[PDB]
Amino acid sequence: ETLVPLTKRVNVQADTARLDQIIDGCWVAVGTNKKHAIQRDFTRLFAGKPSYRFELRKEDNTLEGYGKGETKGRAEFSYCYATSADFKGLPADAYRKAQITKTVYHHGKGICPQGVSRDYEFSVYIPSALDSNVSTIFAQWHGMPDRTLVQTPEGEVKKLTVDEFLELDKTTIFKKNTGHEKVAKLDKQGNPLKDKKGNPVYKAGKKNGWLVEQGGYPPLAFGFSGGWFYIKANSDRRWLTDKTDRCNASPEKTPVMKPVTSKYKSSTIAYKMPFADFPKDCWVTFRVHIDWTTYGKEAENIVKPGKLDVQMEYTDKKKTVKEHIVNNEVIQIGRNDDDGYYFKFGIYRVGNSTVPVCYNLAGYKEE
């Protein structure tokens, strides 16, 4: 039993993790639950401990991307999640409301707050077999949208109470950020569906003009794209993220430390290297220090810029290498939200790609 499937999955925004879903006391898994997607690997040890092998085959995109007809794939670990214990002391109804607002993980461990520096470390192991045209994020620092921040059909941006948001949710259903008239789904015969609880199955009707804050680019991502290893930092100072503003730097095209900018956003390639030069069949360790950009909430200003420092270490061809690949660079990095940031690693296959991805991750620590 050299590879042990870890198939349990948590919707961290909408559900607590049961203790039996927690991996090694500090992780939950998200994305496709195929046996091969995530496995504890006793054949590829790091620091005398099992690593995690991640694998998405061609057919393993189970999610939709932003554009029409686009798909994406996910098999990742999240360091942030809530448990039953996190709701100890709160009113009984707190959890139900957290599920609807998608704020359950707000109550959990693993959040680095707004404007709080933190250090991180992790290691990655890229097999020789990894295709050079993969399109995958293997480690990311993810933001936490304001879940009752909405835009009306008429175009007013406003944050509601939870109770008021629950009222809106009676007639609106949000698919990602986009509001639709809430309706009940029918079977192929035109008869109403009933769920396991005997309730109607709610469905998105036509768009109704409402928006809610949801998704957005990760403040920091490590990945491969177009034959490049890259580190990409994103910033968004708009109180309500505008998802139509596709401000994003290309590893291929964008030169290093030259931000692609919009009115509110910034996307910087902090570092890149040709895929061919990335060490294969060895552990590559990243030490990351982040000073988050700080924002003025409803004022939508950048208060202070951020900073990024990255060291990369490995052993290959009978020499140890240490390179200061991001050398204390002033950078814009973060999001204008109430809550801060959480780490994930694994596979997030983006850029409308189905090129297979398989590699190992281990040795995670934060401050």
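So that there is no doubt, residue numbering starts at 1 and follows the sequence shown.
Two stretches are in play, 55-63 and 319-327, and the higher mean C-alpha B-factor belongs to 319-327. Set 182-190 against 100-108 and average the Cα temperature factors; 182-190 ends up higher.
Set against one another, the Cα B-factors of 87, 79, 165, 217 in the record reach their highest point at 87. Out of 252, 156, 242, 236, it is 252 whose C-alpha atom has the highest B-factor in the PDB entry.
Remark: residue 279 belongs to the middle third of its chain, ranked by C-alpha B-factor as recorded. Annotation for residue 308: CA B-factor lies in the middle third of the chain's modelled residues.
Among all modelled residues in this chain, the alpha-carbon of residue 349 has a temperature factor (C-alpha) in the lowest third. Sorting the modelled residues of the chain by their CA temperature factor places residue 46 in the middle third. Ranked within its chain, residue 339 lands in the middle third, by CA B factor from the PDB record.
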